[PDB]
Chemist: 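Dumping the structure here so I can ask a few things about it.
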2 protein chains.
Amino acid sequence: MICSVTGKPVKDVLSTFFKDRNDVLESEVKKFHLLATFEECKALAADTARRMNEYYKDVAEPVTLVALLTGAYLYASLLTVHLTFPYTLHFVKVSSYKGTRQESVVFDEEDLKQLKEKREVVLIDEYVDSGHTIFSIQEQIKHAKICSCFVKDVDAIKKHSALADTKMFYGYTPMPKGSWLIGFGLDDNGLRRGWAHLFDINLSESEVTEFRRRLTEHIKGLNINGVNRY
Amino acid sequence: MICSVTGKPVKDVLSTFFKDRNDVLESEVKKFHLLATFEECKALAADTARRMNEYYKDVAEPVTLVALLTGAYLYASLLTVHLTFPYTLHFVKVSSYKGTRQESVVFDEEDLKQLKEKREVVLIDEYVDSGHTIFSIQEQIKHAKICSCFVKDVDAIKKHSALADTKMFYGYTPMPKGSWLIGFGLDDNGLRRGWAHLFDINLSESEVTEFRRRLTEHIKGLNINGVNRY
Ligand SMILES: Nc1nc2c([C@@H]3N[C@H](COP(=O)(O)O)[C@@H](O)[C@H]3O)c[nH]c2c(=O)[nH]1
Ligand SMILES: Nc1nc2c([C@@H]3N[C@H](COP(=O)(O)O)[C@@H](O)[C@H]3O)c[nH]c2c(=O)[nH]1
Ligand SMILES: [Mg+2]
Ligand SMILES: [Mg+2]
């Protein structure tokens with residue numbers, strides 16, 4: 001029931017968060033269940049930056065980092081500020097096409113052409129849920145690597161032979177089945193992307209408590225001293 | 001000589017920033033002149049959030065925020081997390097077309113159609129310099145408002161009758177004549193966007209010292225204690 005980074009009780013994090021806002025009705029506040037505080041998310045992103053930094057410390061050409069609009073902007077901002085190897089960064093807009101046999105990510109022809117040319121290309125997304133998105137991107141850019149703050153089920157992803165070899169840098173896994181997340185850049189029907197904490201609106205209290213129990217112990221065991229230079 | 005937010009000697013902020021990096025050579029470190037620490041930039045962004053929050057406290061419909069790729073991703077992340085009114089967020093990767101008579105911003109037909117329909121549209125940019133970008137967007141979306149962390153010369157921008165009425169929210173102005181900024185999302189020829197502190201690579205030590213004196217004066221008089229809820 002306490003933030004694993006600051007030590008502030010979640011009730012206090014939320015009392016501060018919800019004080020006199022103009023973007024949520026008092027009656028709606030209870031609908032939002034905090035899964036991870038913004039500070040906890042920042043720790044996860046820093047830990048991910050740490051691993052990418054170690055991986056690319058000797059790279060001889062800038063890495064191509066590419067983030068998918070729009071939600072990943074926040075995570076990308078929390079990740080990139082801690083990276084210490086050369087890279088370029090750009091964002092691309094893709095559309096999800098739900099076919100009768102599979103869901104596919106449709107890129108701008110030019111964007112895709114450019115990416116397929118780079119040796120080191122890392123797709124940044126804040127959340128890998130069903131994995132259909134990265135599964136599609138993967139089959140279009142076979143050498144692409146993935147960097148995601150949250151991954152619902154890594155094992156499920158690795159089950160696919162196509163992704164079994166793909167390098168993935170992620171902050172935390174697994175995420176609760178039956179959840180629906182908003183905040184941390186993810187929209188609530190277009191709104192609240194800037195609600196920095198990661199909230200859920202579909203889980204039971206017990207499920208939220210269990211998720212935090214596991215997240216908290218994971219964060220307390222992290223060693224990211226020095227990663228943040230600011 | 002110190003960060004106007006943390007009180008830490010800039011010399012130490014920089015030594016911490018540059019210790020064991022893999023994205024700059026030792027001989028190149030002196031090329032970067034610190035203009036504003038990441039913390040100072042965060043204070044300026046919080047101030048713009050505070051002002052936007054007051055302006056839109058009674059908005060009846062979601063405000064349309066449009067951030068200009070690529071550089072605005074960091075500032076947008078630092079601004080949106082503190083906004084307390086409803087809004088949607090979109091990034092536009094418009095293309096700059098340098099004509100023989102003027103430079104114009106080319107939008108995706110659909111993106112432009114959508115924006116021109118919304119009553120409240122705010123363009124988010126980390127830095128408005130020559131102003132050609134917003135000047136173009138302005139004549140295409142005449143009702144667009146601007147929210148920029150840094151502005152080279154506000155006085156100069158208002159010189160244009162077309163922009164003389166455009167509502168502008170900004171963190172700080174003016175920026176040093178002849179400066180070239182990198183960091184805080186701005187690229188150094190594609191690289192270093194994640195260097196969160198705002199650096200310049202053209203100014204003399206005395207020019208930089210003078211800029212920080214003025215920035216310091218502004219930040220110390222800043223009233224944002226409370227804007228950050230995280
Ligand atoms: N608001 C909110 N968005 C998503 C998404 C959106 N779909 C993207 C890719 O999903 P997937 O892995 O299922 O293909 C995510 O990166 C995210 O932007 C998945 N799950 C959720 C969720 O619970 N909440
Ligand atoms: N690296 C680095 N980029 C810019 C820019 C980029 N150009 C864009 C628009 O500029 P302007 O106002 O001149 O049209 C900005 O959004 C910014 O990303 C302006 N000035 C600088 C600078 O000094 N340095
Ligand atoms: Mg996503
Ligand atoms: Mg979404």
Side-chain angles (χ1 to χ4, degrees), chain A residues 35 67-76 91 94 96 98 102-105 123-138 146-153 156-157 175-193 195 198-203, chain B residues 35 67-76 92 94 96 98 103-105 123-138 146 148-153 156-157 163 175-176 178-193 195 198-203:
Chain A
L35 288 198
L68 301 183
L69 290 171
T70 282
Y73 81 105
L74 218 200
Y75 173 53
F91 292 75
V94 299
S96 181
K98 306 78 178 303
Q102 83 170 71
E103 181 174 294
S104 292
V105 175
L123 190 295
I124 299 177
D125 211 336
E126 78 286 284
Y127 185 35
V128 168
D129 194 344
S130 66
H132 296 322
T133 293
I134 64 174
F135 185 72
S136 179
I137 297 177
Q138 164 54 47
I146 306 297
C147 177
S148 186
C149 198
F150 301 103
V151 177
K152 169 165 279 172
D153 182 354
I157 300 291
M175 300 303 277
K177 288 174 174 175
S179 64
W180 183 257
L181 315 183
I182 69 98
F184 193 60
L186 297 166
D187 69 296
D188 176 11
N189 290 152
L191 308 174
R192 305 176 174 92
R193 283 185 189 288
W195 279 23
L198 182 71
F199 292 97
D200 156 77
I201 65 170
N202 206 47
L203 294 171
Chain B
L35 289 185
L68 309 187
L69 294 161
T70 307
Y73 83 103
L74 222 204
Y75 172 52
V92 293
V94 303
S96 183
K98 306 76 179 304
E103 181 175 293
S104 298
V105 176
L123 303 174
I124 298 173
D125 188 2
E126 71 302 305
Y127 183 38
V128 170
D129 188 356
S130 78
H132 298 322
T133 293
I134 66 173
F135 186 71
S136 179
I137 300 178
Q138 163 55 50
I146 304 298
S148 181
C149 198
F150 298 105
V151 180
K152 178 67 169 298
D153 189 350
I157 297 179
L163 303 169
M175 301 306 279
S179 63
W180 188 261
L181 316 181
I182 69 89
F184 193 61
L186 299 154
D187 67 293
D188 180 4
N189 190 31
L191 282 13
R192 308 184 172 100
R193 288 184 186 282
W195 280 26
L198 181 76
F199 294 91
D200 150 80
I201 56 172
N202 285 359
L203 309 166

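Letters A, B, ... are given to chains in the order of the sequence lines, protein chains preceding strands, and every chain is numbered from 1. One-based numbering, in listed order, for ligands and for the atoms of each.
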Chemist: Judged by modelled atom types alone, do B/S136 and B/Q138 share a side-chain donor-acceptor pair under 3.5 Å?
Modeler: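 No, no side-chain donor-acceptor contact under 3.5 Å.
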Chemist: Which atom name would you report as the N, O or S atom of A/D125 nearest the Mg ion (ligand 3)?
Modeler: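 The closest N, O or S atom of A/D125 to the Mg ion (ligand 3) is OD1.
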Chemist: Evaluate the criterion side-chain contact (heavy atoms from CB on, under 4.5 Å) for residue pair A/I157 and A/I134; output intermediate values, then yes/no.
Modeler: CA-CA 9 Å; A/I157 300 291; A/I134 64 174; 4.1 Å; yes
Chemist: Give the atom numbers and elements of ligand 2 that come within less than 4.0 Å of a heavy atom of B/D125.
Modeler: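 Checking each atom against B/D125, I get 15 (C), 16 (O).
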Chemist: Of all the N, O or S atoms in A/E126, which has the shortest distance to the Mg ion (ligand 3)?
Modeler: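 Among the N, O or S atoms of A/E126, the one closest to the Mg ion (ligand 3) is OE2.
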Chemist: When only distance counts, is B/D187 in polar contact with ligand 2, meaning an N/O pair under 3.5 Å?
Modeler: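 Yes, since at least one N or O of B/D187 sits under 3.5 Å from an N or O of ligand 2.
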Chemist: Would you mind running through ligand 1 and noting each atom that sits below 4.0 Å from a heavy atom of A/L186?
Modeler: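 Heavy-atom distances to A/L186 below 4.0 Å select 1 (N), 3 (N), 17 (C), 18 (O).
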Chemist: Check whether any N or O atom of B/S179, backbone or side chain, sits under 3.5 Å from an N or O atom of ligand 2, and answer yes or no.
Modeler: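 There is no such contact.
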Chemist: Could you tell me which atoms of ligand 2, counted from 1 in the order shown, lie closer than 4.0 angstrom to a heavy atom of B/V128?
Modeler: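 Reading through ligand 2 atom by atom, the close ones are 12 (O).
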Chemist: Which residue holds the protein heavy atom closest to atom 14 (O) of ligand 1, what is that atom called, and what is the gap in Å?
Modeler: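 Ranked first by proximity to atom 14 (O) of ligand 1 is A/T133 OG1, 2.7 Å.
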Chemist: Do ligand 2 and B/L181 have nitrogen or oxygen atoms that lie under 3.5 Å from each other?
Modeler: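 By distance alone, the answer is yes.
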Chemist: Considering the heavy atoms of B/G131, write down every atom of ligand 2 situated less than 4.0 Å from one of them.
Modeler: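 What qualifies from ligand 2 is 11 (P), 12 (O), 13 (O), 14 (O).
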Chemist: Quick check on atom 6 (C) of ligand 1 - does any protein heavy atom sit closer than 4.0 Å to it?
Modeler: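 Within 4.0 Å of atom 6 (C) of ligand 1, no protein heavy atoms are found.
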Chemist: Quick one: look up the protein heavy atom nearest atom 16 (O) of ligand 1 and list residue, atom name and how far away it is.
Modeler: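 Minimum-distance protein heavy atom for atom 16 (O) of ligand 1 reads A/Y127 O, 2.7 Å.
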